[PDB]
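Asks: The data below comprise the sequence and an experimental structure of the protein.
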Amino acid sequence: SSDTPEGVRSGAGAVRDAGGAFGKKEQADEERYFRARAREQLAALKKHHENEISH
Amino acid sequence: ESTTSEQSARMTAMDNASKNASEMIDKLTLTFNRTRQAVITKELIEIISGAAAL
Amino acid sequence: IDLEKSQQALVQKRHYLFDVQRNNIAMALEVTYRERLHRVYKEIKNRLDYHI
Amino acid sequence: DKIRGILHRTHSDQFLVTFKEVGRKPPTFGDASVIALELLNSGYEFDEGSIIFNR
Amino acid sequence: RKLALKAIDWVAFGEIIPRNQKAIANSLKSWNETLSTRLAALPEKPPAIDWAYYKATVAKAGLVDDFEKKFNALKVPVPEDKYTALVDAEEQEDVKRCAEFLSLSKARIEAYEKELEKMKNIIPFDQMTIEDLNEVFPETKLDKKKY
Amino acid sequence: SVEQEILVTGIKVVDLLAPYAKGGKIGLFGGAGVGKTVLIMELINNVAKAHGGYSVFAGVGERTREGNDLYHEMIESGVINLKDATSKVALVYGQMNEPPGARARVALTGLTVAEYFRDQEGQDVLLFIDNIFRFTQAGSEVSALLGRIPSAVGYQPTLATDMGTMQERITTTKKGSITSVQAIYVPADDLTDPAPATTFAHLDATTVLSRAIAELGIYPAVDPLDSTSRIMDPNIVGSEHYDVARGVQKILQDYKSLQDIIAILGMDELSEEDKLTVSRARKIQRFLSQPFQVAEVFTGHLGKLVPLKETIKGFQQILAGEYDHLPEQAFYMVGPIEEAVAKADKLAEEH
Amino acid sequence: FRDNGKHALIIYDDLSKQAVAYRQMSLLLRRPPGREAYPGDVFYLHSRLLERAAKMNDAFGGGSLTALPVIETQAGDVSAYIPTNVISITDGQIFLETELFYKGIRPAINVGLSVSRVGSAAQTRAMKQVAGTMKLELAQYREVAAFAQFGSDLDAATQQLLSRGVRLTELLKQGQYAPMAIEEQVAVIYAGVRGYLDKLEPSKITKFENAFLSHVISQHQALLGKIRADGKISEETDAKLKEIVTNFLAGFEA
Ligand SMILES: Nc1ncnc2c1ncn2[C@@H]1O[C@H](COP(=O)(O)OP(=O)(O)O)[C@@H](O)[C@H]1O
Ligand SMILES: [Mg+2]
């Protein structure tokens, strides 16, 4: 099919638009990884010394 | 030894994941081609039946 | 030998670049005179275009 | 990592140390010295042992 | 119009060698490429002013021709050349300073050339002298050679 | 007329990647239930009260309830006045309870009142039309009884002629100017249907809404890689706005091709260089979402209105890397970039 | 203009809105429909319009007529009714994608699917010599484009094939309303296909090109008159162009 202009060819971003098993396995892996980065970037954001003097 | 045992099994397990994804890719190509013909056939009947009853 | 040519290297370098400074400023007056003759035709072409 | 992640349920209290970031770059002899140094200076004085791997 | 040529901007004119100032010499070549294209944008002669068609097409007369009578006999004075001489003035002082290597190191060349003459003289016979070999290889005062 | 301008609205997705224009035809695409009526309710809120001249709203084939939430959200804002002669809005309504011969002559009645102000007077007129898919559909129902063979998927044979006979009166002439915003229903999320895919030739700025963005929580769900304009032009919007717009679309499209790898490999097995272009892209997705004013009863949040000079300066600093020390949640539903760090500290203290 | 010994060009913008304006006239005259309600003679509508483009010979005048039709597909499906009629009539297609338009490639011509069946017999001798290797060099890159996202453990030939393919791509990008000359086009390709760019950083290939072109217009005008008038690139001009891109590349970054 794909070895001609006529046949169907796949583009970029076609695993998420399908919405199947691999399309759901990708959304819950971008969220369970960038949930821990909202922990380490928020715990180290409390280490401002001027806020502690106000505390 | 363990980084050779691991790097050879990554070679095999990524090889059967491209055979099973190419075995699956021909079976959906036939169903795509039956369904592509069946839609040109179906919407051709609706135009003919619309003109004949008129 | 290497310090004899070090004399002559700076006397062909200097006379080239001290005439480049002559002609890099020489082009600066032609392109501001050519655009002086051209612009005085442009603002009298506007009146040749307006009243028609 | 994937040894610690599997055994995190049944044997979470029998761990000594865990060494991550292993296998991305090829292993060298300096990393065999970093691990073996910290197996001594931990406070755990042992008397036998064994190693399991995939030859 | 008028247009004079220049010399080759190939090797020397971009290697002026300031105190690590290759950026100032790079800017010197960048002005020559910009002005030569601006001279290639406009020609030496501008367009011609048709006078006869101005009277009929703009035939509401008086106000049309009075601007065409005042703008015809005008003159365009170009800018001054006051900065043209002082930049060329510092080239005359530096060219007198650039020959100081040709003035001072010329005796340093001949003194090094005369040093090659006496250096042939010293080696002489294998078994020559214990003081003529005491010019190149050194001697000193008390307690210099540690080892 | 031939001159082009830029009309500023205050929405961050619209002014950055697909700017609207004075006297230019604007289209609002998208399916059913994504926000075409709310986004066309937002531009009456911002644009119509700061505008000098008059305004006309033609409602063609929509719910008769929603013609009463406009008559009661324009008395309490003083645009319609019931006591004297200082009103600024006319209204023409033919809704979805009418016979199908009457949903196809209402849009011709809207742009007849709006042709009087442009021609017999000289003012600057606006025109809001929702919906306009119900002009095509209401002519595909009376067709087969008039004696016509159907074309492709079921529309009339004269589909692209009477559409192009109405859409050539909504123009900017040398006697006035008509800004026009139109909502265009796309049937069952398919922009290759013959009714929405022939209106593209009559629109300058298209704002394609999408259900794949709206189901993330990003509101307004505007597709950045599917919205265009005719004035995205570095000689019109300046060279600083132009290299920011294409800098956003290039990092979003390169984010699309990276999702195909994470589905098999994972997030952590990637390199450190493209763990950063994902985290810069996810902050650009979330920063585009802005809390609207007329959607207060949905949200409870307040209405923000970011100016044009601040929208560019907000997006230069996420791309250059001046906010790599914040989590993703600090940009969700904020106004300008100043509130993105004030919201960052307030989340920190509750640990 | 073809009948009187002159040359011409025509652009149909666009032919996919003529088959629709003709279908409406058919079904209102009660003609028998066909696939997608088009009549039986929509192939005969487009064939006798494109066959009027011809290259006449010297006994009739030597005229010509060149035809460029525009066709809009829907969702990139060229296997529809009208996108398959006009494909089988004409000679070659230029396939502009939407994915490459947002990835930075502008004009977004896909050279994997674009062909021309007059071939290399319509190129000048200067352009034919350098682009024959560029076409082979780019085609080897598109084989290995799928290794770029995670590739560092590959062979040095494969790292080289990626290194030339990215830098040849940056030469192909071009702003709007800036058409070049063939003598300036062959010089920029000659700078890339020889190997004079594999050490320059891939982001600087655009800034290097706009700097290099404004140089050779003013300071090497007498070389771009001996490729325009000659038509070919000789051995004398091969050496003369060789020290030019070595002089500019030496002192460039300033
Ligand atoms: N500002 C907003 N952002 C995102 N979604 C909204 C907004 N306002 C309304 N919606 C959602 O859009 C849906 C449909 O709203 P509406 O625009 O009235 O319908 P339609 O677009 O189908 O005419 C509602 O269910 C609502 O949840
Ligand atoms: Mg609605």
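Replies: Alright, I've got the coordinates. Numbers count the residues shown, from 1 in each chain, chains lettered A, B, ... in the order given. Ligands and ions are numbered 1, 2, ... in the order given.
Asks: By residue count, which helix of the chain is the longest?
Replies: If you meant another chain, say so; for now it's chain A. Ordering each helix of chain A by length in residues (DSSP state H) puts helix A:22-33 first.
Asks: oops, chain E please
Replies: helix E:100-122.
Asks: helices and strands around it, which ones?
Replies: Using 3 or more C-beta pairs under 8 Å, 6 or more residues apart in numbering or on different chains; DSSP states H and E as the contact test, the elements touching helix E:100-122 are helix C:5-30. Quick note: C-beta positions are derived from backbone N, CA and C, even for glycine.
Asks: List the buried residues in the helix it packs on.
Replies: Residues of helix C:5-30 classed as buried: C:7, C:10, C:13-14, C:16-30 (neighbour count, 16 or more other C-beta atoms under 10 Å in any protein chain shown).
Asks: can you give me the strands in chain E?
Replies: Counting by DSSP state E, chain E forms no strands at all.
Asks: Quick check: residues of chain A near ligand 1?
Replies: With the criterion set to C-beta under 6 Å from any ligand atom, chain A never comes near ligand 1.
Asks: List of residues touching the longest helix of chain A?
Replies: Residues from elsewhere that reach helix A:22-33 (C-beta atoms under 8 Å, 6 or more residues apart in numbering or on different chains): A:15, A:16, A:17, F:259, F:262, F:263, F:264, F:266, F:267, F:268, F:278, F:282.
Asks: Doesn't residue G:11 lie inside a strand?
Replies: Yes - under DSSP: H, G, I helix; E, B strand; the rest coil, residue G:11 sits within a strand.
Asks: Check which helix or strand the closest residue to it other than its chain neighbours maps to.
Replies: In space, residue G:11 comes closest to residue G:68 once its chain neighbours are excluded; the distance is 4.9 Å by C-beta to C-beta, 6 or more residues apart in numbering or on different chains. Here residue G:68 sits within strand G:66-69, counting by DSSP states H and E.
Asks: Show me what that strand is packed up against.
Replies: Other helices and strands packing on strand G:66-69, by 3+ C-beta pairs under 8 Å, 6+ apart, are strand G:9-12.
Asks: hmm, 10 Å instead?
Replies: Strand G:66-69 makes packing contacts with strand G:9-12, helix G:43-50 when contacts are defined by 3 or more C-beta pairs under 10 Å, 6 or more residues apart in numbering or on different chains; DSSP states H and E.
Asks: Just want the angle from the longest helix of chain E to helix C:5-30.
Replies: 170 degrees (axes from the mean of the first three to the mean of the last three C-alpha atoms, to 10 degrees).
Asks: Grab the CA positions of helix E:100-122 and hand them over as PDB.
Replies: Coordinates of the C-alpha atoms in helix E:100-122 are reproduced here as PDB (Å, rounded to 0.1, in the frame of the first residue of the first chain):
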ATOM      1  CA  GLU E 100      60.000  51.200  13.100                       C
ATOM      2  CA  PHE E 101      60.300  47.400  12.800                       C
ATOM      3  CA  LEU E 102      62.100  48.100   9.500                       C
ATOM      4  CA  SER E 103      64.200  50.700  11.300                       C
ATOM      5  CA  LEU E 104      65.200  49.000  14.600                       C
ATOM      6  CA  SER E 105      65.200  45.300  13.700                       C
ATOM      7  CA  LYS E 106      67.400  45.900  10.600                       C
ATOM      8  CA  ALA E 107      70.400  46.300  12.800                       C
ATOM      9  CA  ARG E 108      69.100  43.300  14.800                       C
ATOM     10  CA  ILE E 109      69.200  41.300  11.600                       C
ATOM     11  CA  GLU E 110      72.800  42.300  10.800                       C
ATOM     12  CA  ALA E 111      74.000  41.800  14.400                       C
ATOM     13  CA  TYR E 112      72.400  38.300  14.200                       C
ATOM     14  CA  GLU E 113      74.000  37.900  10.800                       C
ATOM     15  CA  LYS E 114      77.400  38.900  12.200                       C
ATOM     16  CA  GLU E 115      76.800  36.500  15.100                       C
ATOM     17  CA  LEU E 116      76.700  33.700  12.500                       C
ATOM     18  CA  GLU E 117      80.100  34.800  11.200                       C
ATOM     19  CA  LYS E 118      81.900  34.600  14.600                       C
ATOM     20  CA  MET E 119      80.100  31.400  15.500                       C
ATOM     21  CA  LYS E 120      81.900  29.700  12.600                       C
ATOM     22  CA  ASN E 121      85.200  31.100  14.000                       C
ATOM     23  CA  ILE E 122      84.900  29.600  17.500                       C
END
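Asks: Check the secondary structure at the closest residue to residue G:74 other than its chain neighbours for me.
Replies: Distances taken as C-beta to C-beta, 6+ apart place residue F:192 nearest to residue G:74, at 4.4 Å, with adjacent residues excluded. Following three-state DSSP, residue F:192 is assigned to coil.
Asks: Would you mind confirming that residue F:192 makes contact with residue G:77?
Replies: Yes - Residue F:192 is in contact with residue G:77 according to C-beta atoms under 10 Å; the separation is 8.6 Å.
Asks: Show the end-to-end separation of stretch G:229-240, please.
Replies: Terminal residues of stretch G:229-240 are spaced 16 Å apart (C-alpha to C-alpha, to the nearest Å).
Asks: is chain E contacted by that stretch?
Replies: No - using C-beta under 10 Å from any C-beta of the partner chain, stretch G:229-240 never reaches chain E; the gap is at least 14.2 Å.
Asks: Near chain G, which residues of chain B? Just list them.
Replies: B:36, B:40, B:41, B:43, B:44, B:46, B:47, B:48, B:50, B:51, B:54.
Asks: In these, which residue is surrounded by the most others?
Replies: Counting neighbours by other C-beta atoms under 10 Å in any protein chain shown, residue B:47 comes out on top of the residues of chain B next to chain G with 21 neighbours.
Asks: Could you pull out the buried residues of the helix or strand it falls within?
Replies: Using DSSP H and E, residue B:47 sits within helix B:16-52. If you call a residue buried by 16+ other C-beta under 10 Å, then helix B:16-52 has these buried ones: B:47, B:50, B:51.
Asks: Spit out the contact partners of residue F:24.
Replies: Taking C-beta atoms under 10 Å, 6 or more residues apart in numbering or on different chains, we find residue F:24 in contact with F:4-7, F:171-172, F:177-180, F:203-205, F:229-231.
Asks: Mind doing that once more with 8 Å?
Replies: Residue F:24 makes contacts with F:4, F:172, F:179, F:180, F:204, F:205, F:230, as judged by C-beta under 8 Å, 6+ apart.
Asks: Which members of these are classed as buried?
Replies: By neighbour count, with 16+ other C-beta under 10 Å, those hold F:172, F:179, F:180, F:204, F:205 as buried.
Asks: Save these as CSV, and put in distance to chain B and secondary structure too.
Replies: Conversion of these to CSV gives the following (distance: C-beta to the nearest C-beta, whole Å; DSSP: H, G, I helix; E, B strand; the rest coil):
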residue, distance to chain B, secondary structure
F:172, 40, coil
F:179, 39, coil
F:180, 34, strand
F:204, 33, coil
F:205, 33, strand
